[PDB]
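File shown: structure-v9.txt. Contents: compact mmCIF, N, CA, C and O atoms.
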```
# COMPACT_ATOMS: atom_id res chain seq x y z
N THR A 1 -9.82 -16.40 -8.80
CA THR A 1 -10.35 -15.02 -8.45
C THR A 1 -9.37 -14.02 -7.75
O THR A 1 -8.97 -14.19 -6.56
N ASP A 2 -9.00 -12.94 -8.47
CA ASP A 2 -8.01 -11.98 -7.94
C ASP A 2 -8.56 -10.55 -7.94
O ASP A 2 -8.03 -9.65 -8.59
N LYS A 3 -9.63 -10.39 -7.15
CA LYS A 3 -10.46 -9.19 -7.11
C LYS A 3 -9.66 -7.97 -6.49
O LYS A 3 -8.82 -8.16 -5.60
N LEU A 4 -9.88 -6.76 -7.00
CA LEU A 4 -8.91 -5.68 -6.75
C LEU A 4 -9.42 -4.32 -7.30
O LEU A 4 -9.90 -4.22 -8.44
N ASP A 5 -9.34 -3.30 -6.43
CA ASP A 5 -9.77 -1.91 -6.73
C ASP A 5 -8.54 -1.21 -7.26
O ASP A 5 -7.55 -1.11 -6.51
N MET A 6 -8.59 -0.83 -8.55
CA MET A 6 -7.45 -0.30 -9.29
C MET A 6 -7.24 1.19 -8.96
O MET A 6 -6.23 1.79 -9.32
N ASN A 7 -8.26 1.79 -8.36
CA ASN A 7 -8.13 3.11 -7.83
C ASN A 7 -7.53 3.18 -6.40
O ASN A 7 -7.27 4.25 -5.97
N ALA A 8 -7.29 2.09 -5.68
CA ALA A 8 -6.74 2.22 -4.27
C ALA A 8 -5.52 3.15 -4.04
O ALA A 8 -5.42 3.84 -3.04
N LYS A 9 -4.53 3.08 -4.90
CA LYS A 9 -3.41 3.90 -4.67
C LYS A 9 -3.79 5.36 -4.72
O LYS A 9 -3.45 6.14 -3.86
N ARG A 10 -4.45 5.69 -5.81
CA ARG A 10 -4.88 7.00 -6.16
C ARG A 10 -5.79 7.51 -5.00
O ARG A 10 -5.78 8.65 -4.62
N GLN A 11 -6.64 6.65 -4.50
CA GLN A 11 -7.60 7.02 -3.49
C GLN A 11 -6.79 7.29 -2.18
O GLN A 11 -6.84 8.40 -1.65
N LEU A 12 -5.94 6.36 -1.75
CA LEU A 12 -5.13 6.65 -0.57
C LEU A 12 -4.28 7.97 -0.70
O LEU A 12 -4.12 8.75 0.29
N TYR A 13 -3.80 8.23 -1.89
CA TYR A 13 -2.82 9.30 -2.01
C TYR A 13 -3.57 10.55 -1.88
O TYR A 13 -3.09 11.48 -1.37
N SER A 14 -4.76 10.57 -2.48
CA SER A 14 -5.66 11.74 -2.42
C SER A 14 -6.05 12.12 -0.96
O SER A 14 -6.42 13.26 -0.74
N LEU A 15 -6.03 11.18 -0.02
CA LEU A 15 -6.52 11.41 1.36
C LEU A 15 -5.28 11.85 2.22
O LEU A 15 -5.26 12.96 2.84
N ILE A 16 -4.20 11.07 2.11
CA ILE A 16 -3.03 11.26 2.94
C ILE A 16 -1.73 11.37 2.28
O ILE A 16 -0.75 11.35 3.01
N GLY A 17 -1.68 11.59 1.00
CA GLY A 17 -0.40 11.72 0.33
C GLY A 17 0.14 13.13 0.36
O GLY A 17 0.48 13.64 -0.67
N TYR A 18 0.28 13.77 1.52
CA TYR A 18 1.13 14.98 1.64
C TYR A 18 2.55 14.76 1.23
O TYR A 18 3.10 13.79 1.57
N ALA A 19 3.17 15.67 0.48
CA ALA A 19 4.63 15.61 0.15
C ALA A 19 5.49 15.43 1.41
O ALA A 19 6.44 14.58 1.40
N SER A 20 5.17 16.17 2.49
CA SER A 20 5.97 16.06 3.76
C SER A 20 6.02 14.61 4.41
O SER A 20 6.94 14.23 5.17
N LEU A 21 5.02 13.81 4.05
CA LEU A 21 4.86 12.44 4.51
C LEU A 21 5.60 11.36 3.70
O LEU A 21 5.81 10.26 4.18
N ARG A 22 6.00 11.64 2.49
CA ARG A 22 6.85 10.68 1.74
C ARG A 22 6.30 9.26 1.64
O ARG A 22 6.94 8.20 1.91
N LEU A 23 5.09 9.25 1.16
CA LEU A 23 4.32 8.04 1.13
C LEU A 23 4.93 7.25 -0.01
O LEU A 23 5.07 7.78 -1.11
N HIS A 24 5.33 6.01 0.23
CA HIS A 24 6.04 5.28 -0.82
C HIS A 24 5.78 3.77 -0.74
O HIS A 24 5.37 3.32 0.26
N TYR A 25 5.85 3.04 -1.86
CA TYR A 25 5.63 1.63 -1.91
C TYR A 25 6.97 0.95 -1.95
O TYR A 25 7.84 1.43 -2.60
N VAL A 26 7.26 -0.06 -1.15
CA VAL A 26 8.61 -0.65 -1.25
C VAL A 26 8.48 -2.11 -1.28
O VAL A 26 7.78 -2.70 -0.50
N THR A 27 9.17 -2.70 -2.22
CA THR A 27 9.04 -4.14 -2.39
C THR A 27 9.86 -4.85 -1.36
O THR A 27 11.06 -4.72 -1.40
N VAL A 28 9.24 -5.61 -0.46
CA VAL A 28 10.04 -6.23 0.60
C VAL A 28 10.38 -7.72 0.44
O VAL A 28 11.16 -8.31 1.24
N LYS A 29 9.74 -8.32 -0.56
CA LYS A 29 10.05 -9.65 -1.07
C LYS A 29 9.65 -9.55 -2.49
O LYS A 29 8.47 -9.39 -2.76
N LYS A 30 10.65 -9.60 -3.37
CA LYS A 30 10.50 -9.52 -4.81
C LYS A 30 10.22 -10.96 -5.21
O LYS A 30 10.70 -11.85 -4.56
N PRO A 31 9.46 -11.24 -6.24
CA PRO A 31 9.13 -12.64 -6.49
C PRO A 31 10.32 -13.44 -7.17
O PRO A 31 11.20 -12.88 -7.84
N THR A 32 10.31 -14.75 -7.01
CA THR A 32 11.37 -15.63 -7.51
C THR A 32 10.75 -16.89 -8.09
O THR A 32 9.51 -17.17 -7.97
N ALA A 33 11.63 -17.69 -8.69
CA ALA A 33 11.21 -19.03 -9.17
C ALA A 33 10.91 -19.92 -7.98
O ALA A 33 9.93 -20.64 -8.01
N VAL A 34 11.74 -19.83 -6.92
CA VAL A 34 11.48 -20.61 -5.68
C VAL A 34 10.22 -20.10 -4.88
O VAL A 34 9.43 -20.93 -4.35
N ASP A 35 10.04 -18.77 -4.79
CA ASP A 35 8.75 -18.20 -4.33
C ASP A 35 8.06 -17.06 -5.19
O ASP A 35 8.47 -15.91 -5.13
N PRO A 36 7.00 -17.41 -5.96
CA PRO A 36 6.33 -16.43 -6.86
C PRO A 36 5.64 -15.17 -6.23
O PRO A 36 5.41 -14.18 -6.98
N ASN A 37 5.32 -15.22 -4.91
CA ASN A 37 4.64 -14.15 -4.20
C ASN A 37 5.44 -12.93 -4.15
O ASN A 37 6.66 -12.98 -4.10
N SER A 38 4.74 -11.81 -4.27
CA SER A 38 5.36 -10.51 -4.10
C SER A 38 4.75 -9.88 -2.85
O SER A 38 3.56 -9.95 -2.62
N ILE A 39 5.57 -9.37 -1.97
CA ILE A 39 5.02 -8.66 -0.85
C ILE A 39 5.51 -7.25 -0.92
O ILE A 39 6.69 -7.03 -1.08
N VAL A 40 4.58 -6.32 -0.82
CA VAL A 40 4.88 -4.87 -0.87
C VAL A 40 4.31 -4.14 0.32
O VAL A 40 3.19 -4.40 0.66
N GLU A 41 5.05 -3.24 0.94
CA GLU A 41 4.48 -2.35 2.00
C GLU A 41 4.24 -0.92 1.53
O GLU A 41 4.97 -0.39 0.74
N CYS A 42 3.17 -0.33 1.99
CA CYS A 42 2.94 1.08 1.72
C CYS A 42 3.47 1.78 2.99
O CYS A 42 3.04 1.42 4.11
N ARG A 43 4.46 2.67 2.85
CA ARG A 43 5.16 3.27 4.00
C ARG A 43 5.11 4.76 3.92
O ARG A 43 5.00 5.29 2.86
N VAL A 44 5.22 5.41 5.07
CA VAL A 44 5.56 6.81 5.18
C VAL A 44 7.04 7.04 5.36
O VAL A 44 7.82 6.08 5.37
N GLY A 45 7.48 8.29 5.37
CA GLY A 45 8.92 8.56 5.42
C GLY A 45 9.69 8.08 6.66
O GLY A 45 10.82 7.64 6.60
N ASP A 46 9.04 8.14 7.80
CA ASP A 46 9.65 7.73 9.01
C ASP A 46 9.64 6.20 9.16
O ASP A 46 9.81 5.74 10.27
N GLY A 47 9.39 5.44 8.07
CA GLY A 47 9.26 3.97 8.04
C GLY A 47 7.96 3.24 8.46
O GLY A 47 7.88 1.97 8.19
N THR A 48 6.96 3.94 9.08
CA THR A 48 5.83 3.22 9.63
C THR A 48 5.02 2.69 8.45
O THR A 48 4.94 3.35 7.45
N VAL A 49 4.53 1.46 8.57
CA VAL A 49 3.84 0.73 7.52
C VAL A 49 2.32 0.82 7.66
O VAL A 49 1.78 0.51 8.71
N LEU A 50 1.61 1.08 6.56
CA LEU A 50 0.22 1.41 6.65
C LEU A 50 -0.70 0.36 6.13
O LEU A 50 -1.88 0.34 6.54
N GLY A 51 -0.09 -0.56 5.39
CA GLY A 51 -0.71 -1.45 4.47
C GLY A 51 0.36 -2.40 3.95
O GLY A 51 1.44 -1.97 3.53
N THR A 52 0.02 -3.69 3.93
CA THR A 52 0.84 -4.67 3.31
C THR A 52 0.10 -5.53 2.33
O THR A 52 -1.04 -6.05 2.58
N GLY A 53 0.69 -5.70 1.16
CA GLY A 53 -0.05 -6.43 0.13
C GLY A 53 0.70 -7.59 -0.38
O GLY A 53 1.92 -7.60 -0.38
N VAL A 54 -0.01 -8.55 -0.92
CA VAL A 54 0.65 -9.74 -1.43
C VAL A 54 -0.08 -10.20 -2.66
O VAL A 54 -1.31 -10.41 -2.61
N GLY A 55 0.65 -10.46 -3.74
CA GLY A 55 0.01 -11.14 -4.86
C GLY A 55 1.04 -11.42 -5.88
O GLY A 55 2.19 -11.12 -5.65
N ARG A 56 0.61 -11.91 -7.03
CA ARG A 56 1.52 -12.44 -8.04
C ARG A 56 2.49 -11.48 -8.66
O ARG A 56 3.54 -11.92 -9.06
N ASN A 57 2.23 -10.19 -8.71
CA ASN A 57 3.27 -9.27 -9.10
C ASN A 57 3.38 -8.02 -8.14
O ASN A 57 2.61 -7.85 -7.22
N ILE A 58 4.37 -7.17 -8.37
CA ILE A 58 4.58 -6.04 -7.52
C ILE A 58 3.42 -5.08 -7.61
O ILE A 58 2.98 -4.60 -6.60
N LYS A 59 2.94 -4.77 -8.81
CA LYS A 59 1.84 -3.83 -9.00
C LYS A 59 0.62 -4.30 -8.26
O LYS A 59 0.05 -3.55 -7.47
N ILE A 60 0.18 -5.53 -8.51
CA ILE A 60 -0.98 -6.02 -7.79
C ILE A 60 -0.74 -5.96 -6.28
O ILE A 60 -1.63 -5.63 -5.54
N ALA A 61 0.45 -6.32 -5.80
CA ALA A 61 0.77 -6.23 -4.38
C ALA A 61 0.68 -4.83 -3.85
O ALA A 61 0.23 -4.60 -2.73
N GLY A 62 1.26 -3.90 -4.57
CA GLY A 62 1.31 -2.57 -4.05
C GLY A 62 -0.12 -1.98 -3.98
O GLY A 62 -0.35 -1.15 -3.09
N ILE A 63 -1.06 -2.45 -4.87
CA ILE A 63 -2.46 -2.03 -4.87
C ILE A 63 -3.23 -2.56 -3.73
O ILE A 63 -3.99 -1.80 -3.14
N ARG A 64 -3.03 -3.83 -3.39
CA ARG A 64 -3.65 -4.40 -2.16
C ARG A 64 -3.16 -3.71 -0.93
O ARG A 64 -3.89 -3.65 0.10
N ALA A 65 -1.91 -3.23 -0.98
CA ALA A 65 -1.35 -2.64 0.21
C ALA A 65 -2.13 -1.36 0.53
O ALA A 65 -2.27 -1.00 1.65
N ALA A 66 -2.68 -0.68 -0.47
CA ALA A 66 -3.37 0.58 -0.30
C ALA A 66 -4.81 0.27 0.03
O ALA A 66 -5.51 0.93 0.84
N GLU A 67 -5.24 -0.80 -0.59
CA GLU A 67 -6.57 -1.34 -0.41
C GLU A 67 -6.72 -1.59 1.08
O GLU A 67 -7.76 -1.28 1.68
N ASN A 68 -5.62 -2.07 1.68
CA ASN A 68 -5.60 -2.50 3.06
C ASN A 68 -5.39 -1.29 4.01
O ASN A 68 -5.89 -1.24 5.16
N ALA A 69 -4.60 -0.33 3.54
CA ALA A 69 -4.37 0.92 4.25
C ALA A 69 -5.73 1.67 4.33
O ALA A 69 -6.15 2.14 5.42
N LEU A 70 -6.42 1.78 3.20
CA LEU A 70 -7.77 2.34 3.19
C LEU A 70 -8.77 1.70 4.17
O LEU A 70 -9.72 2.31 4.58
N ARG A 71 -8.63 0.43 4.47
CA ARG A 71 -9.57 -0.19 5.38
C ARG A 71 -9.28 0.18 6.87
O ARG A 71 -10.14 0.09 7.68
N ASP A 72 -8.07 0.65 7.18
CA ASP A 72 -7.70 1.00 8.52
C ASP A 72 -8.05 2.47 8.84
O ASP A 72 -7.22 3.37 8.68
N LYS A 73 -9.24 2.70 9.36
CA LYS A 73 -9.75 4.07 9.55
C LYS A 73 -9.06 4.88 10.68
O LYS A 73 -8.89 6.09 10.51
N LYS A 74 -8.65 4.25 11.79
CA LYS A 74 -7.84 4.97 12.80
C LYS A 74 -6.57 5.48 12.11
O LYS A 74 -6.24 6.65 12.24
N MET A 75 -5.88 4.63 11.35
CA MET A 75 -4.68 5.13 10.65
C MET A 75 -4.94 6.37 9.70
O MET A 75 -4.22 7.33 9.71
N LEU A 76 -6.02 6.32 8.91
CA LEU A 76 -6.38 7.40 8.02
C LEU A 76 -6.74 8.60 8.77
O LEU A 76 -6.34 9.66 8.34
N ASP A 77 -7.44 8.44 9.89
CA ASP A 77 -7.80 9.57 10.72
C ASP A 77 -6.58 10.30 11.19
O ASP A 77 -6.48 11.52 11.00
N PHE A 78 -5.60 9.56 11.70
CA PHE A 78 -4.34 10.12 12.16
C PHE A 78 -3.51 10.81 11.08
O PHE A 78 -3.14 11.95 11.17
N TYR A 79 -3.18 10.10 10.03
CA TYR A 79 -2.35 10.68 8.99
C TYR A 79 -2.98 11.77 8.08
O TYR A 79 -2.21 12.55 7.49
N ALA A 80 -4.31 11.85 7.92
CA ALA A 80 -4.88 13.15 7.46
C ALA A 80 -4.83 14.30 8.57
O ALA A 80 -5.63 15.26 8.57
N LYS A 81 -3.88 14.20 9.50
CA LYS A 81 -3.79 15.09 10.69
C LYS A 81 -5.18 15.28 11.44
O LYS A 81 -5.50 14.63 12.50
```
Show how you would write the structure in this file as structure tokens.
Amino acid sequence: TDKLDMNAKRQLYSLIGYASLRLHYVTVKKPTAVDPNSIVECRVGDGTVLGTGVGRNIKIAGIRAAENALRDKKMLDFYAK
């Protein structure tokens, strides 16, 4: 079971994706034969991390990362100014 909201990125970007904020996904552990997990962070320009995701590929990881950013309401409150 690998349950996942395919709109998370789109939904997060729509709330807090100002151009001035430089919201970006960065792969911080790319998967390997020795370790298949992918870990991705959803970041703003000044480096602060909003969401971290993990799963079998980068795309699925980067989606959980937003899924997770969306669940943090103090963070959303702040970054929608």
For a test of reading the model, state the distance in Å between atom N of residue 62 of chain A and atom CA of residue 16 of chain A, rounded to one decimal.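 Between atom N of residue 62 of chain A and atom CA of residue 16 of chain A the gap is 17.5 Å.
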Determine the axis-aligned bounding box of all atoms of segment 58-75 of chain A present in the file, pad each side by 5 Å, and express its centre and edge lengths in Å to one decimal place as AutoDock Vina command-line options.
```
--center_x -2.8 --center_y 0.1 --center_z 1.9 --size_x 24.7 --size_y 24.5 --size_z 31.8
```
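In this structure, atom N of residue 6 of chain A sits 9.8 Å away from atom C of residue 67 of chain A.
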Which distance in Å separates atom C of residue 43 of chain A and atom C of residue 25 of chain A, to one decimal?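 Computing it gives 7.2 Å between the two atoms.
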Minimum-distance residue to residue 1 of chain A, chosen among A:28, A:68, A:55, A:75 (using only C-alpha atoms): A:55
Give the alpha helix (DSSP H) residues of chain A, as assigned by DSSP on the backbone, as a count of residues only. 30
So which bits of chain A end up strand (DSSP E or B) when you DSSP the backbone, as a VMD selection string? chain A and resid 24 to 29 38 to 43 49 to 55
Please determine the residues with any atom at most 10 Å from (3.6, 8.4, 0.5) (coordinates as given in the file, with only C-alpha atoms counting) and report them as a short mmCIF file (atom, residue, chain, number, x, y, z; two decimals) with N, CA, C and O atoms, keeping the file's coordinate frame.
```cif
data_model
loop_
_atom_site.label_atom_id
_atom_site.label_comp_id
_atom_site.auth_asym_id
_atom_site.auth_seq_id
_atom_site.Cartn_x
_atom_site.Cartn_y
_atom_site.Cartn_z
N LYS A 9 -4.53 3.08 -4.90
CA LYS A 9 -3.41 3.90 -4.67
C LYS A 9 -3.79 5.36 -4.72
O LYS A 9 -3.45 6.14 -3.86
N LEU A 12 -5.94 6.36 -1.75
CA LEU A 12 -5.13 6.65 -0.57
C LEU A 12 -4.28 7.97 -0.70
O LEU A 12 -4.12 8.75 0.29
N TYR A 13 -3.80 8.23 -1.89
CA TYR A 13 -2.82 9.30 -2.01
C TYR A 13 -3.57 10.55 -1.88
O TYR A 13 -3.09 11.48 -1.37
N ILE A 16 -4.20 11.07 2.11
CA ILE A 16 -3.03 11.26 2.94
C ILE A 16 -1.73 11.37 2.28
O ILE A 16 -0.75 11.35 3.01
N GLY A 17 -1.68 11.59 1.00
CA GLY A 17 -0.40 11.72 0.33
C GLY A 17 0.14 13.13 0.36
O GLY A 17 0.48 13.64 -0.67
N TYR A 18 0.28 13.77 1.52
CA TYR A 18 1.13 14.98 1.64
C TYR A 18 2.55 14.76 1.23
O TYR A 18 3.10 13.79 1.57
N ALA A 19 3.17 15.67 0.48
CA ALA A 19 4.63 15.61 0.15
C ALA A 19 5.49 15.43 1.41
O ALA A 19 6.44 14.58 1.40
N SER A 20 5.17 16.17 2.49
CA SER A 20 5.97 16.06 3.76
C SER A 20 6.02 14.61 4.41
O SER A 20 6.94 14.23 5.17
N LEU A 21 5.02 13.81 4.05
CA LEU A 21 4.86 12.44 4.51
C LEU A 21 5.60 11.36 3.70
O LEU A 21 5.81 10.26 4.18
N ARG A 22 6.00 11.64 2.49
CA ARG A 22 6.85 10.68 1.74
C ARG A 22 6.30 9.26 1.64
O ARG A 22 6.94 8.20 1.91
N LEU A 23 5.09 9.25 1.16
CA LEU A 23 4.32 8.04 1.13
C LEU A 23 4.93 7.25 -0.01
O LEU A 23 5.07 7.78 -1.11
N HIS A 24 5.33 6.01 0.23
CA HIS A 24 6.04 5.28 -0.82
C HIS A 24 5.78 3.77 -0.74
O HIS A 24 5.37 3.32 0.26
N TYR A 25 5.85 3.04 -1.86
CA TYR A 25 5.63 1.63 -1.91
C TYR A 25 6.97 0.95 -1.95
O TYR A 25 7.84 1.43 -2.60
N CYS A 42 3.17 -0.33 1.99
CA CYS A 42 2.94 1.08 1.72
C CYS A 42 3.47 1.78 2.99
O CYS A 42 3.04 1.42 4.11
N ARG A 43 4.46 2.67 2.85
CA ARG A 43 5.16 3.27 4.00
C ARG A 43 5.11 4.76 3.92
O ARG A 43 5.00 5.29 2.86
N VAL A 44 5.22 5.41 5.07
CA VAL A 44 5.56 6.81 5.18
C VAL A 44 7.04 7.04 5.36
O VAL A 44 7.82 6.08 5.37
N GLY A 45 7.48 8.29 5.37
CA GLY A 45 8.92 8.56 5.42
C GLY A 45 9.69 8.08 6.66
O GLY A 45 10.82 7.64 6.60
N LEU A 50 1.61 1.08 6.56
CA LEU A 50 0.22 1.41 6.65
C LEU A 50 -0.70 0.36 6.13
O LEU A 50 -1.88 0.34 6.54
#
```
Expected residue set, 7 Å radius at (9.7, -9.5, -7.1), only N, CA, C and O atoms, as a PDB file with N, CA, C and O atoms, keeping the file's coordinate frame:
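What follows is the written file out.pdb:
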```pdb
ATOM      1  N   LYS A  29       9.740  -8.320  -0.560  1.00  0.00           N
ATOM      2  CA  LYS A  29      10.050  -9.650  -1.070  1.00  0.00           C
ATOM      3  C   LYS A  29       9.650  -9.550  -2.490  1.00  0.00           C
ATOM      4  O   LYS A  29       8.470  -9.390  -2.760  1.00  0.00           O
ATOM      5  N   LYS A  30      10.650  -9.600  -3.370  1.00  0.00           N
ATOM      6  CA  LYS A  30      10.500  -9.520  -4.810  1.00  0.00           C
ATOM      7  C   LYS A  30      10.220 -10.960  -5.210  1.00  0.00           C
ATOM      8  O   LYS A  30      10.700 -11.850  -4.560  1.00  0.00           O
ATOM      9  N   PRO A  31       9.460 -11.240  -6.240  1.00  0.00           N
ATOM     10  CA  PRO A  31       9.130 -12.640  -6.490  1.00  0.00           C
ATOM     11  C   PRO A  31      10.320 -13.440  -7.170  1.00  0.00           C
ATOM     12  O   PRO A  31      11.200 -12.880  -7.840  1.00  0.00           O
ATOM     13  N   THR A  32      10.310 -14.750  -7.010  1.00  0.00           N
ATOM     14  CA  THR A  32      11.370 -15.630  -7.510  1.00  0.00           C
ATOM     15  C   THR A  32      10.750 -16.890  -8.090  1.00  0.00           C
ATOM     16  O   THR A  32       9.510 -17.170  -7.970  1.00  0.00           O
ATOM     17  N   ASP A  35      10.040 -18.770  -4.790  1.00  0.00           N
ATOM     18  CA  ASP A  35       8.750 -18.200  -4.330  1.00  0.00           C
ATOM     19  C   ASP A  35       8.060 -17.060  -5.190  1.00  0.00           C
ATOM     20  O   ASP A  35       8.470 -15.910  -5.130  1.00  0.00           O
ATOM     21  N   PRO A  36       7.000 -17.410  -5.960  1.00  0.00           N
ATOM     22  CA  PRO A  36       6.330 -16.430  -6.860  1.00  0.00           C
ATOM     23  C   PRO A  36       5.640 -15.170  -6.230  1.00  0.00           C
ATOM     24  O   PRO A  36       5.410 -14.180  -6.980  1.00  0.00           O
ATOM     25  N   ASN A  37       5.320 -15.220  -4.910  1.00  0.00           N
ATOM     26  CA  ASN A  37       4.640 -14.150  -4.200  1.00  0.00           C
ATOM     27  C   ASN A  37       5.440 -12.930  -4.150  1.00  0.00           C
ATOM     28  O   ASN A  37       6.660 -12.980  -4.100  1.00  0.00           O
ATOM     29  N   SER A  38       4.740 -11.810  -4.270  1.00  0.00           N
ATOM     30  CA  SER A  38       5.360 -10.510  -4.100  1.00  0.00           C
ATOM     31  C   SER A  38       4.750  -9.880  -2.850  1.00  0.00           C
ATOM     32  O   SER A  38       3.560  -9.950  -2.620  1.00  0.00           O
ATOM     33  N   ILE A  39       5.570  -9.370  -1.970  1.00  0.00           N
ATOM     34  CA  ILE A  39       5.020  -8.660  -0.850  1.00  0.00           C
ATOM     35  C   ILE A  39       5.510  -7.250  -0.920  1.00  0.00           C
ATOM     36  O   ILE A  39       6.690  -7.030  -1.080  1.00  0.00           O
ATOM     37  N   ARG A  56       0.610 -11.910  -7.030  1.00  0.00           N
ATOM     38  CA  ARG A  56       1.520 -12.440  -8.040  1.00  0.00           C
ATOM     39  C   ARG A  56       2.490 -11.480  -8.660  1.00  0.00           C
ATOM     40  O   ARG A  56       3.540 -11.920  -9.060  1.00  0.00           O
ATOM     41  N   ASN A  57       2.230 -10.190  -8.710  1.00  0.00           N
ATOM     42  CA  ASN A  57       3.270  -9.270  -9.100  1.00  0.00           C
ATOM     43  C   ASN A  57       3.380  -8.020  -8.140  1.00  0.00           C
ATOM     44  O   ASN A  57       2.610  -7.850  -7.220  1.00  0.00           O
ATOM     45  N   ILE A  58       4.370  -7.170  -8.370  1.00  0.00           N
ATOM     46  CA  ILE A  58       4.580  -6.040  -7.520  1.00  0.00           C
ATOM     47  C   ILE A  58       3.420  -5.080  -7.610  1.00  0.00           C
ATOM     48  O   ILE A  58       2.980  -4.600  -6.600  1.00  0.00           O
TER      49      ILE A  58
END
```
Within 8 Å of residue 65 of chain A using only C-alpha atoms, minus same-chain residues under 5 positions, as a PyMOL selection string: chain A and resi 40-42+50-54
